[PDB]
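What follows is one structure encoded as structure tokens, with my remarks underneath.
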Ligand SMILES: O=C(O)[C@@H](O)[C@H](O)[C@H](O)COP(=O)(O)O
Ligand SMILES: O=C(O)[C@@H](O)[C@H](O)[C@H](O)COP(=O)(O)O
Ligand SMILES: [Mn+2]
Ligand SMILES: [Mn+2]
């Protein structure tokens, strides 16, 4: 009945988890996520760059168990809007999560089902506590890859549809060379 | 309704988490743990050095929640036996754990209730997955502190009792300049 313990090497400098499952999100995988649709179409047809990669070590979906995954969020903008992850709530709403920032400059945008928002700035050494019930997205606000490690219950799941449906209440943009969190003009209510 | 999300800074060089709860284990606190009881007596009377320190950020004991803690495990030997953490089962047996090595050279010893044992070497960048039902102890096999971060369920709790009397089935020693994992002389059922 007892499962096999294991260790894996993580390269903090590159985010790569040796032997883990890898996922790639390119800009073309993110249709309807950025405000500036035209700058999105423009970049997709010109370059279709990698927005982010995930290396994930995941267990069977059972209570008490834990998963972990690194994300490499590459630097870039879609118009004025910084590259980010698609973002999600968890399928189970009574599940928290911990992020450990490893390299680069970024932050996490967070929101409840109602629409109340939170921004937490992330730099190397930052550990962020993601409480039960908050959807969460990370954003790279710098010019180098933003790299972090996430630890999360094996049974949490992922609800993306709700974020693909409504987006987040706030957006993170650069404006006069200054980084700002402001209202999403597309937002529901 | 809804807990605040938060970030705290963790210094990967020192293990220090600003404002977290600091716990100190000194060698006197570990009577009956090391094989060589007379080296134990001697080092205690002569110094009572700190074996390890813990910086824990903990939530109430609710299922789905997560705690994180750093340990700084200092270098040393009680006789041939390297410095370790006391070790424990989780009070809710079916709760996993994830460790991230930050500094120094070390490893983890792991044991089932019936007594299956495993050794997992740890260096900067190693991530160790601790399955449900496995007791776990970390050991510093080098000359500088062994610093790691752990993330665990808020309701996992601790079973120290079992380990204190039965011990671990294997021990980690220096011999003729060589690090070895061998049978534990003080071990029965
Ligand atoms: O578990 C998490 O929350 C993260 O590992 C994310 O899955 C990862 O950062 C990729 O983002 P998303 O799942 O929002 O595409
Ligand atoms: O949660 C854990 O498993 C760790 O944070 C340990 O408690 C920590 O390393 C100290 O060891 P122990 O609790 O065995 O004294
Ligand atoms: Mn998540
Ligand atoms: Mn533990």
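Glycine is no exception: its Cβ is also placed from the backbone N, Cα and C atoms.
These come from Swiss-Prot:
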type: BINDING; residues: A:88, A:90, A:97, A:136; note: Fe cation binding site
Any further residue of that chain within 8 Å (Cβ to the Cβ centroid of A:88, A:90, A:97, A:136) of the recorded Fe cation site: A:89, A:95, A:130, A:134, A:135, A:152, A:156, A:158
Interface-proximal binding-site residues, chain B, C-beta separation under 8 A, candidates A:88, A:90, A:97: A:97
Residues near residue A:90 (Fe cation binding site) in space but at least six apart in sequence (CB under 8 A): A:97, A:152, A:153, A:156, A:157, A:158, A:159
Sparsest-packed of the listed binding-site residues (A:88, A:97, A:136) - C-beta count within 10 angstroms: A:88
Cβ under 6 Å from ligand 2: qualifying binding-site residues of A:88, A:90, A:97, A:136: none
In three-state DSSP terms, the structure that residue A:90 (Fe cation binding site) belongs to: coil
